[PDB]
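First the structure, in the form of structure tokens, and then the observations on it.
Neighbour counts are summed over all protein chains in view; Cβ atoms, including those assigned to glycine, are modelled from backbone coordinates with ideal geometry. Just so it is clear, none of the values below were taken in a lab; they were calculated from the coordinates.
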Amino acid sequence: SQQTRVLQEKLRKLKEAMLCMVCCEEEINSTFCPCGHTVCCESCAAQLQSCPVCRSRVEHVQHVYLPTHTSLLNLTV
Amino acid sequence: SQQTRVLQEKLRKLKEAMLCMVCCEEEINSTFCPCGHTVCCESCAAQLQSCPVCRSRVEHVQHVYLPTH
Ligand SMILES: CCCC(=O)Nc1nnn(CC)n1
Ligand SMILES: [Zn+2]
Ligand SMILES: [Zn+2]
Ligand SMILES: [Zn+2]
Ligand SMILES: [Zn+2]
């Protein structure tokens, strides 16, 4: 029905919000410190000297383990 | 349809995974450092000496700003 399409759209937007804002291909799993913006995968976070959201200098990157993380292992057998 | 029910289930599970593992009422927005487990809201995280997932000592709590917030 039309509600199936509406729910498909909400699910797609929620999943897109969980992907790296720079490469758009990998899940977010890194925090820029000290600002706290958590918007990149580990590969894009390592290459940025300043935060892409607030422009604060990145002192270091903290890896984050989130309950929403998925990997190829989560595939349905 | 049945497909609508399946999508509603996936959305509900994704939203429940974003909630604090201790109070179950507030969104996760804090990381235990240095282990990196990001499983609590600020209020529950502030009171813990050790990570509730891996038992590593918490040296400090980093507030996180996620696009899903
Ligand atoms: C309140 C917690 C929301 C959350 O976990 N968001 C999120 N954003 N990107 N990811 C990567 C899977 N996960
Ligand atoms: Zn990336
Ligand atoms: Zn920032
Ligand atoms: Zn809590
Ligand atoms: Zn931990």
field: Three-way shape call for the protein assembly as shown based on the alpha-carbon gyration tensor, with the a/c threshold at 1.5
entry: oblate
- prompt: Where does each of A:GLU42, B:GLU25 land when they are ranked from fewest to most other beta-carbon atoms within 10 angstrom?
  reply: B:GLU25, A:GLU42
- line: From fewest to most C-beta neighbours within 10 Å, the residues B:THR31, A:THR76 line up as A:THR76, B:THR31
task: Determine the calculated [θ] at 222 nm for chain B from helices alone, applying -39500 (n - 2.57) to every DSSP H run no shorter than 4 residues and normalising by the residue count; nearest 500 deg cm²/dmol.
output: -8000 deg cm²/dmol
- prompt: When Cβ neighbours within 10 Å are restricted to other protein chains, what is their mean count per residue of peptide A:46-54?
  reply: 0
query: Over chain B, what relative contact order in percent results from Cα pairs under 8 Å that are six or more residues apart?
result: 26 percent
message: Checking the a/c ratio against 1.5 first, then a/b against b/c, what shape does the Cα gyration tensor give for segment B:1-62?
response: prolate
message: Suppose the chain between B:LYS13 and B:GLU27 were pulled fully straight at 0.36 nm per residue; how much longer would it get relative to their current alpha carbon spacing?
response: 3.7 nm
